[PDB]
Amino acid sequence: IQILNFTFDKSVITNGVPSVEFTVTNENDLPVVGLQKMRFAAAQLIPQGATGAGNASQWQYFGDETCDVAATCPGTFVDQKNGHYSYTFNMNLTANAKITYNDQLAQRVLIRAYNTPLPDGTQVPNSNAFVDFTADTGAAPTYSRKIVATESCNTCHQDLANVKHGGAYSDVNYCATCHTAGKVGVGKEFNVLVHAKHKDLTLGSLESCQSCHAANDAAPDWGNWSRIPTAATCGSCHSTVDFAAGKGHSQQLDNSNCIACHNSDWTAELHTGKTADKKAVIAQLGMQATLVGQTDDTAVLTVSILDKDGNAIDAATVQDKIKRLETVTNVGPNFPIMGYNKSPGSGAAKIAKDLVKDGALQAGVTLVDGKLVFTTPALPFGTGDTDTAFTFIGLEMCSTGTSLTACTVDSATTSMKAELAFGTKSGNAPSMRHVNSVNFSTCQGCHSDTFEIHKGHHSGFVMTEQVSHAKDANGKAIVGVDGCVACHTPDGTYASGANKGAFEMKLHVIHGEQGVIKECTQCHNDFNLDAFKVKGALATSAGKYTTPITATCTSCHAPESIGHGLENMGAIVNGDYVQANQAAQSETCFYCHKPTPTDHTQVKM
């Protein structure tokens, strides 16, 4: 009813005719009786090297038959009324026009169970199953082609049904069997197509082979990614090489020699080297910062560089290697009151100060006890949350390989661990933004753990435990994105609302247009709806403001699409600063809306 579990009991080829017997149960192992529509496919696997030295294993797709109990069925389908079924193909494999059936080769039968309901009305989910067997005894074959696991693709896609063919196939093994030479066109074989669909994408985790190639119990042949080099497969990314013509490479007329030069150790290390280089550079320094508010409302910022063990070092040791040490200071971690530009409320803009640029100290920056010190302009310190000033800090070093090097004109650079510091004018404990609803760990599956956020026009920010100030239910440090509000203020970024700069909207906007984002749980462990109590209005266009719940939901929902309207609910859409802020705690949305990350559309009627 929710899950279909297929357990195969007998799978053989009898004089060229494939036959399969299997049992179907649901999630709680209850027999499923009365299945109505299923498609059966047959294939066989050419072993590694069989078509030529160095050639990969290769599926041969005999074809498929669709069985509808209420209509046509080419084969013989038997419902034994206890959860056990049998299907005997109409096909004889010896009669295949393109493939030479060989009863010594490993065989495979695949099943797609359609979502046709049982006769009593019970709903059936679309399902995939497959079995691998030797033709005569039906036992497990001695060779296979299980390289990638559906779980790896699901890290980004959640369900492979989303990517092609109207949701028919959710098991990657089903894709890899059909996507083979002789069935799809040249270039559509799976060892070529998936490379070509990702090699030109910016998403961070795709820069590593391990995003699809890792150890998995469902993928015994997973090591083939470095051990089976082939002209077609390696050339799927190296598309400008012509091995037959010897262009961009010595001439290779076949695959017989690739592995003699391209041993798996070398292939693995050279494709994992840049990521491993970046990790070795990032591990080399840390940062500890302090922020102390003064009587004249200025704030003293002290930044100490640490070594790999966490011990402070004299910042002059590494100064000539610092490309940019970037700091941003704001007030009010739970709702910043300094805009990116001057706020309509405080009249104050965030303090953006580089401490070091191209190895040179900047104005007002001094070395004291090997630490970096800078005094900010006067800040709009106030009561409550506005007693706390906070600074988000990025550090970009010049690097080569696994080492920090002095900065030159064309030097490569690496973003280091970002730092987040808090301070007060009163001297009481600082306030801090909530982090209990967005955990940066959920970002790393798509973006990797070396996400250099805003590398390019900024120093770059790598989010680690270095910015953590809370622990989760299991005592593990929470890495939050709360530092980002230093620039993503309620008043926007540089366009003062025209780009919906506020962090409450910014990630919804940029991800609302991405197909791989489909559920709130891809970033949310929870919703902190209480945080709206401490929010004012957000700038949703240049100089115009919107009550905070409405501003958040309208990141993705056009305001006019909300049928019940917003005037009756206490909200203001692109109004005056004071007007919108006056109505900020008048929104009635949560009297009816009870969103959870799993289903945020829940309403109390």
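When you see a residue number, it is the position in the sequence shown, counting from 1.
Remark: stretch with higher mean C-alpha B factor among 405-413 and 232-240 is 405-413. The PDB entry records a higher mean C-alpha B factor for 242-250 than for its counterpart among 242-250 and 189-197.
Among 313, 523, 393, 209, the highest C-alpha B-factor recorded in the PDB entry belongs to 313. You'll see in the entry that, of 177, 304, 224, 329, the Cα B factor peaks at 304.
Per the deposited record, the Cα B-factor of residue 584 falls in the middle third when ranked against the other modelled residues of its chain. Sorting the modelled residues of the chain by their CA temperature factor places residue 57 in the lowest third. Per the deposited record, the Cα B-factor of residue 31 falls in the highest third when ranked against the other modelled residues of its chain.
Ranked against the other modelled residues of its chain, the C-alpha B-factor of residue 355 as given in the entry falls in the middle third. The entry lists a Cα temperature factor for residue 538 that places it in the middle third of the chain's modelled residues.
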